[PDB]
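Pasting my_file15.cif here (mmCIF, N, CA, C and O atoms):
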data_start
loop_
_atom_site.label_atom_id
_atom_site.label_comp_id
_atom_site.auth_asym_id
_atom_site.auth_seq_id
_atom_site.Cartn_x
_atom_site.Cartn_y
_atom_site.Cartn_z
N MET J 1 5.31 12.95 17.26
CA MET J 1 4.14 12.08 17.41
C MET J 1 4.38 10.71 16.76
O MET J 1 5.39 10.47 16.08
N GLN J 2 3.45 9.80 16.98
CA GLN J 2 3.64 8.44 16.52
C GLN J 2 3.11 8.30 15.11
O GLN J 2 1.93 8.56 14.83
N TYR J 3 4.01 7.90 14.20
CA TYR J 3 3.64 7.63 12.82
C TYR J 3 3.65 6.12 12.63
O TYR J 3 4.36 5.41 13.34
N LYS J 4 2.82 5.63 11.69
CA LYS J 4 2.59 4.20 11.50
C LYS J 4 2.81 3.86 10.04
O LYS J 4 2.60 4.70 9.17
N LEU J 5 3.25 2.63 9.76
CA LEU J 5 3.44 2.18 8.37
C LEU J 5 2.82 0.82 8.11
O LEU J 5 3.19 -0.18 8.75
N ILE J 6 1.89 0.77 7.15
CA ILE J 6 1.31 -0.50 6.73
C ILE J 6 2.09 -1.10 5.55
O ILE J 6 2.14 -0.50 4.46
N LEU J 7 2.68 -2.27 5.77
CA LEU J 7 3.45 -2.95 4.74
C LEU J 7 2.58 -3.92 3.95
O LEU J 7 2.22 -4.99 4.46
N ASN J 8 2.24 -3.55 2.72
CA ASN J 8 1.60 -4.48 1.79
C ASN J 8 2.58 -4.93 0.72
O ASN J 8 2.48 -4.51 -0.44
N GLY J 9 3.54 -5.77 1.10
CA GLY J 9 4.50 -6.28 0.14
C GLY J 9 4.03 -7.58 -0.47
O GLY J 9 3.13 -8.21 0.07
N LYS J 10 4.63 -7.97 -1.60
CA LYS J 10 4.30 -9.25 -2.21
C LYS J 10 4.73 -10.36 -1.27
O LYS J 10 4.06 -11.38 -1.15
N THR J 11 5.85 -10.12 -0.59
CA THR J 11 6.51 -11.08 0.28
C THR J 11 6.28 -10.71 1.75
O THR J 11 6.33 -11.58 2.63
N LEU J 12 6.02 -9.43 2.02
CA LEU J 12 6.04 -8.96 3.40
C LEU J 12 4.79 -8.18 3.83
O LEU J 12 4.50 -7.13 3.27
N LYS J 13 4.10 -8.69 4.85
CA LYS J 13 2.88 -8.09 5.37
C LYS J 13 3.00 -7.75 6.86
O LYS J 13 3.35 -8.62 7.66
N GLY J 14 2.69 -6.52 7.23
CA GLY J 14 2.74 -6.14 8.64
C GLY J 14 2.53 -4.68 9.04
O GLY J 14 2.44 -3.79 8.20
N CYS J 15 2.44 -4.45 10.34
CA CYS J 15 2.39 -3.11 10.88
C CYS J 15 3.77 -2.74 11.41
O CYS J 15 4.51 -3.60 11.88
N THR J 16 4.13 -1.47 11.33
CA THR J 16 5.33 -1.00 12.01
C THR J 16 5.15 0.46 12.37
O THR J 16 4.28 1.13 11.83
N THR J 17 5.96 0.95 13.31
CA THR J 17 5.82 2.32 13.78
C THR J 17 7.17 3.03 13.93
O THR J 17 8.23 2.39 13.96
N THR J 18 7.10 4.37 14.01
CA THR J 18 8.23 5.20 14.39
C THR J 18 7.76 6.46 15.12
O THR J 18 6.59 6.87 14.98
N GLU J 19 8.64 7.05 15.92
CA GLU J 19 8.40 8.38 16.48
C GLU J 19 9.19 9.41 15.69
O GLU J 19 10.40 9.26 15.52
N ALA J 20 8.50 10.44 15.18
CA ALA J 20 9.16 11.52 14.44
C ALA J 20 8.52 12.90 14.66
O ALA J 20 7.35 13.00 15.04
N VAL J 21 9.30 13.94 14.40
CA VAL J 21 8.87 15.33 14.59
C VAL J 21 7.83 15.73 13.57
O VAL J 21 6.91 16.49 13.89
N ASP J 22 7.96 15.22 12.35
CA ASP J 22 6.95 15.44 11.31
C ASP J 22 6.81 14.21 10.40
O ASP J 22 7.52 13.22 10.57
N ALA J 23 5.88 14.26 9.46
CA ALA J 23 5.64 13.12 8.58
C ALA J 23 6.77 12.93 7.58
O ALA J 23 7.07 11.81 7.21
N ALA J 24 7.39 14.02 7.14
CA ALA J 24 8.49 13.92 6.19
C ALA J 24 9.67 13.15 6.78
O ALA J 24 10.30 12.35 6.10
N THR J 25 9.96 13.39 8.05
CA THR J 25 11.05 12.72 8.74
C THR J 25 10.71 11.25 8.96
O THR J 25 11.56 10.38 8.78
N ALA J 26 9.46 10.99 9.36
CA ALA J 26 8.98 9.63 9.53
C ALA J 26 9.03 8.84 8.23
O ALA J 26 9.38 7.65 8.24
N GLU J 27 8.69 9.48 7.11
CA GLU J 27 8.72 8.82 5.81
C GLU J 27 10.11 8.30 5.44
O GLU J 27 10.24 7.21 4.88
N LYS J 28 11.15 9.08 5.73
CA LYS J 28 12.51 8.67 5.43
C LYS J 28 12.81 7.36 6.15
O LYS J 28 13.41 6.44 5.59
N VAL J 29 12.36 7.28 7.40
CA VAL J 29 12.61 6.14 8.26
C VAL J 29 11.91 4.91 7.72
O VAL J 29 12.45 3.80 7.74
N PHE J 30 10.69 5.13 7.25
CA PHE J 30 9.84 4.06 6.78
C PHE J 30 10.28 3.59 5.39
O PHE J 30 10.10 2.43 5.04
N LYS J 31 10.89 4.50 4.63
CA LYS J 31 11.41 4.21 3.29
C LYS J 31 12.65 3.34 3.38
O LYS J 31 12.80 2.40 2.61
N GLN J 32 13.53 3.67 4.31
CA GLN J 32 14.68 2.83 4.60
C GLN J 32 14.23 1.51 5.14
O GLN J 32 14.87 0.49 4.94
N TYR J 33 13.11 1.52 5.85
CA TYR J 33 12.64 0.32 6.52
C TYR J 33 12.17 -0.74 5.53
O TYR J 33 12.54 -1.91 5.64
N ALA J 34 11.35 -0.33 4.58
CA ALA J 34 10.87 -1.25 3.56
C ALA J 34 12.01 -1.64 2.61
O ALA J 34 11.99 -2.72 2.04
N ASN J 35 12.98 -0.75 2.46
CA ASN J 35 14.17 -1.00 1.66
C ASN J 35 15.11 -1.98 2.35
O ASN J 35 15.75 -2.80 1.69
N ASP J 36 15.20 -1.89 3.67
CA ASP J 36 16.01 -2.79 4.47
C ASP J 36 15.38 -4.16 4.48
O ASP J 36 16.03 -5.14 4.83
N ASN J 37 14.11 -4.19 4.11
CA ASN J 37 13.29 -5.38 4.19
C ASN J 37 12.88 -5.93 2.83
O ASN J 37 12.10 -6.89 2.76
N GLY J 38 13.40 -5.32 1.76
CA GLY J 38 13.23 -5.83 0.42
C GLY J 38 11.86 -5.55 -0.15
O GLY J 38 11.35 -6.30 -0.99
N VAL J 39 11.27 -4.46 0.32
CA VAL J 39 9.96 -4.03 -0.13
C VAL J 39 10.06 -2.67 -0.81
O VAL J 39 10.67 -1.74 -0.27
N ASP J 40 9.45 -2.56 -1.99
CA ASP J 40 9.46 -1.32 -2.77
C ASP J 40 8.16 -1.20 -3.56
O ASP J 40 7.68 -2.18 -4.11
N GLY J 41 7.59 0.00 -3.63
CA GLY J 41 6.35 0.18 -4.35
C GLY J 41 5.59 1.46 -4.09
O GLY J 41 6.18 2.50 -3.81
N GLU J 42 4.26 1.38 -4.18
CA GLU J 42 3.41 2.57 -4.18
C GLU J 42 3.07 3.09 -2.77
O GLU J 42 2.33 2.45 -2.02
N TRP J 43 3.61 4.25 -2.44
CA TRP J 43 3.39 4.86 -1.13
C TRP J 43 2.24 5.84 -1.12
O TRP J 43 2.08 6.66 -2.03
N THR J 44 1.43 5.76 -0.07
CA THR J 44 0.41 6.75 0.20
C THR J 44 0.42 7.12 1.69
O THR J 44 0.75 6.30 2.55
N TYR J 45 0.04 8.37 1.98
CA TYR J 45 0.03 8.87 3.34
C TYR J 45 -1.33 9.50 3.68
O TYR J 45 -1.93 10.20 2.86
N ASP J 46 -1.84 9.21 4.87
CA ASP J 46 -3.09 9.75 5.35
C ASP J 46 -2.80 10.48 6.64
O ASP J 46 -2.67 9.86 7.67
N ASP J 47 -2.69 11.81 6.59
CA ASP J 47 -2.22 12.57 7.75
C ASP J 47 -3.18 12.56 8.93
O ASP J 47 -2.83 13.04 10.02
N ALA J 48 -4.37 12.02 8.72
CA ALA J 48 -5.43 12.02 9.73
C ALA J 48 -5.25 10.89 10.72
O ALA J 48 -5.65 10.99 11.88
N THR J 49 -4.68 9.80 10.24
CA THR J 49 -4.34 8.67 11.10
C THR J 49 -2.82 8.51 11.18
O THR J 49 -2.32 7.61 11.85
N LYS J 50 -2.11 9.43 10.52
CA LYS J 50 -0.65 9.42 10.47
C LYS J 50 -0.11 8.06 10.07
O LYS J 50 0.79 7.52 10.69
N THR J 51 -0.66 7.53 8.99
CA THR J 51 -0.35 6.18 8.54
C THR J 51 0.08 6.17 7.08
O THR J 51 -0.65 6.63 6.19
N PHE J 52 1.29 5.65 6.85
CA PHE J 52 1.81 5.41 5.52
C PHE J 52 1.43 3.98 5.10
O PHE J 52 1.20 3.11 5.95
N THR J 53 1.36 3.75 3.80
CA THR J 53 1.15 2.41 3.28
C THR J 53 2.08 2.21 2.10
O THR J 53 2.14 3.04 1.21
N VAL J 54 2.83 1.10 2.10
CA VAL J 54 3.57 0.72 0.90
C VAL J 54 2.92 -0.51 0.25
O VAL J 54 2.46 -1.41 0.95
N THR J 55 2.82 -0.50 -1.08
CA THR J 55 2.21 -1.61 -1.80
C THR J 55 3.06 -2.09 -2.97
O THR J 55 3.25 -1.37 -3.95
N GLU J 56 3.57 -3.32 -2.86
CA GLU J 56 4.33 -3.93 -3.95
C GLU J 56 3.42 -4.40 -5.08
O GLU J 56 2.33 -4.94 -4.87
#

Structure rendered as structure tokens:
Amino acid sequence: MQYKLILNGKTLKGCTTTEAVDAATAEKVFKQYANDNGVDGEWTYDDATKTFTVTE
């Protein structure tokens, strides 16, 4: 299913998505994503909207 990631970085703001079999797999993708993009911080997940949020 479609998982979503909200980027609340000090430097970087945006929406992004991935397709994954579960949320754990999607999280790995999104973790590399914010890391590839110089964003690191507080992650939260809401399984009801399948949306992760990172906050610098």

Name the residues that the PyMOL selection byres (((chain J and resi 30 and name CA) around 10) and name CA) picks from the file above, as a ChimeraX atom specification, using the file's chain letters and numbers. /J:3-7,16-18,24-29,31-36,52-54

Limited to N, CA, C and O atoms, could you put the picked residues into a file as a PDB file, in the coordinates of the input?
ATOM      1  N   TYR J   3       4.010   7.900  14.200  1.00  0.00           N
ATOM      2  CA  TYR J   3       3.640   7.630  12.820  1.00  0.00           C
ATOM      3  C   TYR J   3       3.650   6.120  12.630  1.00  0.00           C
ATOM      4  O   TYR J   3       4.360   5.410  13.340  1.00  0.00           O
ATOM      5  N   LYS J   4       2.820   5.630  11.690  1.00  0.00           N
ATOM      6  CA  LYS J   4       2.590   4.200  11.500  1.00  0.00           C
ATOM      7  C   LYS J   4       2.810   3.860  10.040  1.00  0.00           C
ATOM      8  O   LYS J   4       2.600   4.700   9.170  1.00  0.00           O
ATOM      9  N   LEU J   5       3.250   2.630   9.760  1.00  0.00           N
ATOM     10  CA  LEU J   5       3.440   2.180   8.370  1.00  0.00           C
ATOM     11  C   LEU J   5       2.820   0.820   8.110  1.00  0.00           C
ATOM     12  O   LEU J   5       3.190  -0.180   8.750  1.00  0.00           O
ATOM     13  N   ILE J   6       1.890   0.770   7.150  1.00  0.00           N
ATOM     14  CA  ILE J   6       1.310  -0.500   6.730  1.00  0.00           C
ATOM     15  C   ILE J   6       2.090  -1.100   5.550  1.00  0.00           C
ATOM     16  O   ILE J   6       2.140  -0.500   4.460  1.00  0.00           O
ATOM     17  N   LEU J   7       2.680  -2.270   5.770  1.00  0.00           N
ATOM     18  CA  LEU J   7       3.450  -2.950   4.740  1.00  0.00           C
ATOM     19  C   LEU J   7       2.580  -3.920   3.950  1.00  0.00           C
ATOM     20  O   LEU J   7       2.220  -4.990   4.460  1.00  0.00           O
ATOM     21  N   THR J  16       4.130  -1.470  11.330  1.00  0.00           N
ATOM     22  CA  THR J  16       5.330  -1.000  12.010  1.00  0.00           C
ATOM     23  C   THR J  16       5.150   0.460  12.370  1.00  0.00           C
ATOM     24  O   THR J  16       4.280   1.130  11.830  1.00  0.00           O
ATOM     25  N   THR J  17       5.960   0.950  13.310  1.00  0.00           N
ATOM     26  CA  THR J  17       5.820   2.320  13.780  1.00  0.00           C
ATOM     27  C   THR J  17       7.170   3.030  13.930  1.00  0.00           C
ATOM     28  O   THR J  17       8.230   2.390  13.960  1.00  0.00           O
ATOM     29  N   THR J  18       7.100   4.370  14.010  1.00  0.00           N
ATOM     30  CA  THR J  18       8.230   5.200  14.390  1.00  0.00           C
ATOM     31  C   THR J  18       7.760   6.460  15.120  1.00  0.00           C
ATOM     32  O   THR J  18       6.590   6.870  14.980  1.00  0.00           O
ATOM     33  N   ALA J  24       7.390  14.020   7.140  1.00  0.00           N
ATOM     34  CA  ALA J  24       8.490  13.920   6.190  1.00  0.00           C
ATOM     35  C   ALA J  24       9.670  13.150   6.780  1.00  0.00           C
ATOM     36  O   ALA J  24      10.300  12.350   6.100  1.00  0.00           O
ATOM     37  N   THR J  25       9.960  13.390   8.050  1.00  0.00           N
ATOM     38  CA  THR J  25      11.050  12.720   8.740  1.00  0.00           C
ATOM     39  C   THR J  25      10.710  11.250   8.960  1.00  0.00           C
ATOM     40  O   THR J  25      11.560  10.380   8.780  1.00  0.00           O
ATOM     41  N   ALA J  26       9.460  10.990   9.360  1.00  0.00           N
ATOM     42  CA  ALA J  26       8.980   9.630   9.530  1.00  0.00           C
ATOM     43  C   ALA J  26       9.030   8.840   8.230  1.00  0.00           C
ATOM     44  O   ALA J  26       9.380   7.650   8.240  1.00  0.00           O
ATOM     45  N   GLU J  27       8.690   9.480   7.110  1.00  0.00           N
ATOM     46  CA  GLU J  27       8.720   8.820   5.810  1.00  0.00           C
ATOM     47  C   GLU J  27      10.110   8.300   5.440  1.00  0.00           C
ATOM     48  O   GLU J  27      10.240   7.210   4.880  1.00  0.00           O
ATOM     49  N   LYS J  28      11.150   9.080   5.730  1.00  0.00           N
ATOM     50  CA  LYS J  28      12.510   8.670   5.430  1.00  0.00           C
ATOM     51  C   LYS J  28      12.810   7.360   6.150  1.00  0.00           C
ATOM     52  O   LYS J  28      13.410   6.440   5.590  1.00  0.00           O
ATOM     53  N   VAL J  29      12.360   7.280   7.400  1.00  0.00           N
ATOM     54  CA  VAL J  29      12.610   6.140   8.260  1.00  0.00           C
ATOM     55  C   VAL J  29      11.910   4.910   7.720  1.00  0.00           C
ATOM     56  O   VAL J  29      12.450   3.800   7.740  1.00  0.00           O
ATOM     57  N   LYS J  31      10.890   4.500   4.630  1.00  0.00           N
ATOM     58  CA  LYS J  31      11.410   4.210   3.290  1.00  0.00           C
ATOM     59  C   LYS J  31      12.650   3.340   3.380  1.00  0.00           C
ATOM     60  O   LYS J  31      12.800   2.400   2.610  1.00  0.00           O
ATOM     61  N   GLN J  32      13.530   3.670   4.310  1.00  0.00           N
ATOM     62  CA  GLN J  32      14.680   2.830   4.600  1.00  0.00           C
ATOM     63  C   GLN J  32      14.230   1.510   5.140  1.00  0.00           C
ATOM     64  O   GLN J  32      14.870   0.490   4.940  1.00  0.00           O
ATOM     65  N   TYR J  33      13.110   1.520   5.850  1.00  0.00           N
ATOM     66  CA  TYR J  33      12.640   0.320   6.520  1.00  0.00           C
ATOM     67  C   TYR J  33      12.170  -0.740   5.530  1.00  0.00           C
ATOM     68  O   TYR J  33      12.540  -1.910   5.640  1.00  0.00           O
ATOM     69  N   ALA J  34      11.350  -0.330   4.580  1.00  0.00           N
ATOM     70  CA  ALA J  34      10.870  -1.250   3.560  1.00  0.00           C
ATOM     71  C   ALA J  34      12.010  -1.640   2.610  1.00  0.00           C
ATOM     72  O   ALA J  34      11.990  -2.720   2.040  1.00  0.00           O
ATOM     73  N   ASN J  35      12.980  -0.750   2.460  1.00  0.00           N
ATOM     74  CA  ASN J  35      14.170  -1.000   1.660  1.00  0.00           C
ATOM     75  C   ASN J  35      15.110  -1.980   2.350  1.00  0.00           C
ATOM     76  O   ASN J  35      15.750  -2.800   1.690  1.00  0.00           O
ATOM     77  N   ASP J  36      15.200  -1.890   3.670  1.00  0.00           N
ATOM     78  CA  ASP J  36      16.010  -2.790   4.470  1.00  0.00           C
ATOM     79  C   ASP J  36      15.380  -4.160   4.480  1.00  0.00           C
ATOM     80  O   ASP J  36      16.030  -5.140   4.830  1.00  0.00           O
ATOM     81  N   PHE J  52       1.290   5.650   6.850  1.00  0.00           N
ATOM     82  CA  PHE J  52       1.810   5.410   5.520  1.00  0.00           C
ATOM     83  C   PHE J  52       1.430   3.980   5.100  1.00  0.00           C
ATOM     84  O   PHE J  52       1.200   3.110   5.950  1.00  0.00           O
ATOM     85  N   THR J  53       1.360   3.750   3.800  1.00  0.00           N
ATOM     86  CA  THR J  53       1.150   2.410   3.280  1.00  0.00           C
ATOM     87  C   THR J  53       2.080   2.210   2.100  1.00  0.00           C
ATOM     88  O   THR J  53       2.140   3.040   1.210  1.00  0.00           O
ATOM     89  N   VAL J  54       2.830   1.100   2.100  1.00  0.00           N
ATOM     90  CA  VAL J  54       3.570   0.720   0.900  1.00  0.00           C
ATOM     91  C   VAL J  54       2.920  -0.510   0.250  1.00  0.00           C
ATOM     92  O   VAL J  54       2.460  -1.410   0.950  1.00  0.00           O
TER      93      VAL J  54
END

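Closest approach to residue 40 of chain J from the set J:15, J:2, J:55, J:21 is made by J:55, with distances taken over only N, CA, C and O atoms.
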
Taking the file as I've supplied it (selection: the PyMOL selection byres (((chain J and resi 9 and name CA) around 7) and name CA)), which residues are included? Please answer as a ChimeraX atom specification. /J:7-8,10-13,39,55-56

Those selected residues, please, written with N, CA, C and O atoms and delivered as a short mmCIF file (atom, residue, chain, number, x, y, z; two decimals), keeping the file's coordinate frame.
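Wrote result_17.cif, looks like this:
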data_model
loop_
_atom_site.label_atom_id
_atom_site.label_comp_id
_atom_site.auth_asym_id
_atom_site.auth_seq_id
_atom_site.Cartn_x
_atom_site.Cartn_y
_atom_site.Cartn_z
N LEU J 7 2.68 -2.27 5.77
CA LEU J 7 3.45 -2.95 4.74
C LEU J 7 2.58 -3.92 3.95
O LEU J 7 2.22 -4.99 4.46
N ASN J 8 2.24 -3.55 2.72
CA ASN J 8 1.60 -4.48 1.79
C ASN J 8 2.58 -4.93 0.72
O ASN J 8 2.48 -4.51 -0.44
N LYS J 10 4.63 -7.97 -1.60
CA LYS J 10 4.30 -9.25 -2.21
C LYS J 10 4.73 -10.36 -1.27
O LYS J 10 4.06 -11.38 -1.15
N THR J 11 5.85 -10.12 -0.59
CA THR J 11 6.51 -11.08 0.28
C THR J 11 6.28 -10.71 1.75
O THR J 11 6.33 -11.58 2.63
N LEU J 12 6.02 -9.43 2.02
CA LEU J 12 6.04 -8.96 3.40
C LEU J 12 4.79 -8.18 3.83
O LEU J 12 4.50 -7.13 3.27
N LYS J 13 4.10 -8.69 4.85
CA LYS J 13 2.88 -8.09 5.37
C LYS J 13 3.00 -7.75 6.86
O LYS J 13 3.35 -8.62 7.66
N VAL J 39 11.27 -4.46 0.32
CA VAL J 39 9.96 -4.03 -0.13
C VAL J 39 10.06 -2.67 -0.81
O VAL J 39 10.67 -1.74 -0.27
N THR J 55 2.82 -0.50 -1.08
CA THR J 55 2.21 -1.61 -1.80
C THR J 55 3.06 -2.09 -2.97
O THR J 55 3.25 -1.37 -3.95
N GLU J 56 3.57 -3.32 -2.86
CA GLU J 56 4.33 -3.93 -3.95
C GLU J 56 3.42 -4.40 -5.08
O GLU J 56 2.33 -4.94 -4.87
#

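Atom pair atom N of residue 43 of chain J / atom N of residue 14 of chain J: separated by 14.5 Å.
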
Could you pull out the helix (DSSP H, G or I) residues of chain J from DSSP and send them as a ChimeraX atom specification? /J:23-36

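A straight line drawn from atom C of residue 50 of chain J to atom CA of residue 19 of chain J is 10.7 Å long.
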